[PDB]
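These notes concern the structure reproduced below.
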Amino acid sequence: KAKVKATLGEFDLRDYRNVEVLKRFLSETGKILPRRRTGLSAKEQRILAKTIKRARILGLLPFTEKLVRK
Amino acid sequence: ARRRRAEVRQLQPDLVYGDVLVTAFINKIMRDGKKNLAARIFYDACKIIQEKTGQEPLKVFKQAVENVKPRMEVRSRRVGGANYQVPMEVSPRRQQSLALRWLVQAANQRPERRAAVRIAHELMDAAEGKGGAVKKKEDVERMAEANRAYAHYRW
Amino acid sequence: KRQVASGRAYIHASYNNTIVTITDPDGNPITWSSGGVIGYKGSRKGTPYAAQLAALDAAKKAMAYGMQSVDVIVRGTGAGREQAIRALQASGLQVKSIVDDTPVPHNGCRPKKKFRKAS
RNA sequence: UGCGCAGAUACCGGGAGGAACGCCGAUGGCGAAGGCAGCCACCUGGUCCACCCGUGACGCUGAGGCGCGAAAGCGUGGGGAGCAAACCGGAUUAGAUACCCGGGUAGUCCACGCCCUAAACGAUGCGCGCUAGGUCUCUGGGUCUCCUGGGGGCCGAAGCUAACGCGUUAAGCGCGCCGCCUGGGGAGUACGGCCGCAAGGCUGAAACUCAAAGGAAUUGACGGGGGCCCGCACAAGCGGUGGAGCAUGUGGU
Ligand SMILES: [Mg+2]
Ligand SMILES: [Mg+2]
Ligand SMILES: [Mg+2]
Ligand SMILES: [Mg+2]
Numbered sequence: 019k020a021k022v023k024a025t026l027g028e029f030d031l032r033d034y035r036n037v038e039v040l041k042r043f044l045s046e047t048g049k050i051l052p053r054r055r056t057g058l059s060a061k062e063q064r065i066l067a068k069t070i071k072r073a074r075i076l077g078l079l080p081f082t083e084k085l086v087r088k
Numbered sequence: 002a003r004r005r006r007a008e009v010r011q012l013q014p015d016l017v018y019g020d021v022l023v024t025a026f027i028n029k030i031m032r033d034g035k036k037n038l039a040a041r042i043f044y045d046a047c048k049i050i051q052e053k054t055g056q057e058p059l060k061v062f063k064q065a066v067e068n069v070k071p072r073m074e075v076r077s078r079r080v081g082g083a084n085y086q087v088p089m090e091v092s093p094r095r096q097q098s099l100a101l102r103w104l105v106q107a108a109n110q111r112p113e114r115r116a117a118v119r120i121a122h123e124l125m126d127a128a129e130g131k132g133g134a135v136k137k138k139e140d141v142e143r144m145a146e147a148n149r150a151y152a153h154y155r156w
Numbered sequence: 011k012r013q014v015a016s017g018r019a020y021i022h023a024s025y026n027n028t029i030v031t032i033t034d035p036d037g038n039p040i041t042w043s044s045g046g047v048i049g050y051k052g053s054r055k056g057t058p059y060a061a062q063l064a065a066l067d068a069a070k071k072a073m074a075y076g077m078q079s080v081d082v083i084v085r086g087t088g089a090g091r092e093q094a095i096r097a098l099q100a101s102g103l104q105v106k107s108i109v110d111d112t113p114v115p116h117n118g119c120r121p122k123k124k125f126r127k128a129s
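Written out as structure tokens, the structure is:
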């Protein structure tokens with residue numbers, strides 16, 4: 019399938035507000051997706067984990083969700 | 002039987018009704034290798050299902066057998082801590098044998114003083130569905146089912 | 011005693027006992043069952059059969075209140091698990107949705123020495 | 001054992017409190033070591049690169065000294081959710097002062113002050129110069145197929161090594177400085193000195209005794225190690241011995 023960067027166009031991944039983008043880097047359990055799936059570089063992947071965690075504290079992205087249909 | 006899965010030793014058909022399943026039965030009745038007396042007995046027994054019922058012996062035989070085949074049974078299983086009677090289905094060859102084994106045994110347990118009668122009654126009483134064979138059939142089926150809890154190993 | 015039309019079945023699986031409880035759409039318990047609550051007692055309450063039985067039995071008690079449909083919520087791993095789900099599904103009592111929801115700390119209290127054999 | 005009809009378990013709401021931060025997470029990164037993991041801010045250390053601008057050998061090592069030094073431990077004062085030496089019980093066992101289960105104090109956490117040890121491990125002191133490559137990777141820079149640094153891994157030229165291995169992250173070839181060894185047991189014990197509130201730490205022998213103690217590899221044998229095979233080995237069967245009387249052989253008397 020796709021890497022989550024292969025999807026988007028250009029974006030500021032220091033931007034802890036843009037939930038419309040940042041929301042795509044989470045699993046269905048709202049867990050930060052691994053590099054192998056994000057398609058990101060070690061360095062970007064570092065920066066993102068940060069931005070994602072900042073969003074979570076503002077209330078805009080989730081810490082967790084629950085698996086639907088198991 | 003490590004190497005091959007063994008050919009099911011085939012049987013000559015019966016020289017009367019022409020059925021493998023009959024000789025099979027005859028063989029079980031046989032004692033010290035005396036097949037003659039063995040055969041006389043089973044036929045003379047089919048005669049006591051004329052004299053007694055309007056039906057054809059073969060049909061009674063078939064239909065009694067079909068009545069003493071188990072569907073389930075507990076095969077034993079060791080695991081490091083206890084012993085587990087695990088219910089699995091019964092492959093049709095085993096059914097065949099248990100039934101025919103059981104009949105003869107059930108039959109030789111009966112009271113009447115003569116080979117061909119014991120065979121006969123049993124055969125009748127079990128095609129009705131009330132054999133002492135059929136006891137040690139519903140027991141096995143029951144013994145599984147009571148151990149239905151452990152029926153999730155079945156290897 | 012009210013008629014509820016639909017609500018929640020909560021399955022709590024463990025390696026020692028499966029337990030199932032049924033509630034109204036705000037999570038208030040209507041009825042419930044467990045391995046022990048059927049006959050099994052000691053190490054049999056875990057077996058997927060025990061799970062199935064309990065599960066089915068709880069559903070029957072809820073169907074008394076006329077319960078027709080449920081959202082399932084499953085929690086924990088253990089033998090009875092898919093079997094208690096398979097049960098509710100096949101109890102008539104209609105299965106709207108399923109959802110695992112097992113608790114997990116984001117690294118919380120020190121686990122008992124049995125559970126850090128992964129030391 | 002325990003807990004539960006003084007209503008537990010499972011479920012929904014609310015609150016209180018302590019400890020640790022899931023996914024990201026790596027074969028990753030930083031640090032001299034010990035060690036460092038949610039997120040934000042402030043205060044602060046080390047390090048790498050590019051430009052080739054400044055000083056002009058200002059360097060290397062480093063006995064002693066000082067400082068840091070996981071865990072456990074100690075003192076005073078807090079705190080205490082989960083876990084847990086000791087301990088109190090349930091089991092298991094020939095016994096079971098254990099492994100398994102239920103509880104549980106010190107302790108684990110915070111403040112300040114002590115202790116100063118470790119498989120404190122890369123079991124490899126620090127620095128510099130020299131000696132093929134290939135491959136993966138972190139972080140820079142350029143003219144960005146790749147090139148040039150700095151770090152992290154594997155493979156391996158030459159060479160080295162008892163071997164196994166090491167092999168531009170040397171265990172190679174060489175210079176400088178430090179620290180350490182000199183058969184095993186007695187023994188990191190004794191005495192002595194120093195340090196510590198203690199526990200104890202550092203330094204550290206002899207008599208006596210042994211012809212060994214060791215390292216790496218080899219062929220076997222073995223494993224309540226792994227993989228794959230076979231045999232009336234087990235399973236599936238059929239008939240038996242074990243019980244009786246007698247025959248025969250043996251034990252013993
Ligand atoms: Mg401590
Ligand atoms: Mg203290
Ligand atoms: Mg304990
Ligand atoms: Mg010592």
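Residue numbers (the deposited numbering), protein chains in the order written: chain R, 19 to 88; chain G, 2 to 156; chain K, 11 to 129.
Positions of the beta carbon are idealized from the N, C-alpha and C atoms, including for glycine.
Contact annotation: the segment 54-65 of chain K does not touch the segment 108-125 of chain K, with fewer than three C-beta pairs closer than 8 Å. Under the three-state reduction of DSSP, K:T33 is assigned to strand. Around the beta carbon of G:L38, fewer than 16 other beta carbons sit within 10 angstroms, so the residue counts as exposed.
DSSP, reduced to helix, strand and coil, places G:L38 within a helical segment of the structure shown.
Under the Cβ distance rule, K:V30 does not count among the residues neighbouring chain R, no pair being separated by less than 9 Å.
Taking the CA atoms as reference points, G:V17 sits about 13 Å from G:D45. At a Cβ-Cβ threshold of 9 Å, G:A150 and K:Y50 count as neighbours.
For the pair R:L85 and K:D111, the CB atoms are nearer than the 9 Å cut-off. Membership of K:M73 in the alpha helix (DSSP H) is indicated by the continuous run 58-74. Close CB contacts of R:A73 within its chain, under the 8 Å cut and outside five residues either way in sequence, are with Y34, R35, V37, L40, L79 (chain order). Residue contact with chain K for G:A152: present (Cβ-Cβ distance below 9 Å to some residue of chain K). In this structure, K:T28 lies away from K:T41, with their beta-carbon atoms at least 9 Å apart. R:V22 is positioned such that its CB atom lies no closer than 9 Å to that of R:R64. In the three-state DSSP reduction, R:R32 falls in the coil class, being neither helix nor strand. Following the DSSP letters along the chain, one finds K:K122 in no beta strand (DSSP E), marked with neither H nor E. Inter-residue distance for R:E46 and K:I108 is about 14 Å (C-alpha atoms, whole angstroms).
In the pairwise beta carbon analysis, the segment 11-23 of chain K is classified as touching the segment 84-102 of chain K: at least three pairs are separated by under 8 Å.
With fewer than 16 other CB atoms across the displayed protein chains lying within 10 angstroms of its CB, R:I75 is exposed. With a threshold of 16 other beta carbon atoms within 10 Å, G:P14 falls short and is exposed. As summarised for the segment 42-82 of chain G, the continuous alpha helix (DSSP H) elements at least 4 residues long and confined to that stretch are 58-69, given in chain order. Secondary-structure assignment with DSSP links K:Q104 through a beta bridge to K:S79. G:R149 belongs to the set of residues whose beta carbon lies under 9 Å from a beta carbon in chain K. Rounded to whole angstroms, the gap between the alpha carbons of K:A100 and K:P39 is 22 Å.
Taking a Cβ-Cβ cut-off of 9 Å, the neighbours of K:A60 in chain G comprise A150, given in sequence order. Beta-bridge annotation (DSSP): K:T41 is paired with K:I32. For K:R96, no chain G residue has a C-beta closer than 9 Å to its own C-beta; the minimum C-beta separation is roughly 13 Å.
At a cut-off of 9 Å between C-beta atoms, K:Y50 counts as an interface residue with respect to chain G. Here G:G130 is exposed: its Cβ has fewer than 16 other Cβ atoms, across all protein chains shown, within 10 Å. What R:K88 touches in chain K, judged by beta-carbon distance under 8 Å, is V84, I108, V109, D110, going in chain order.
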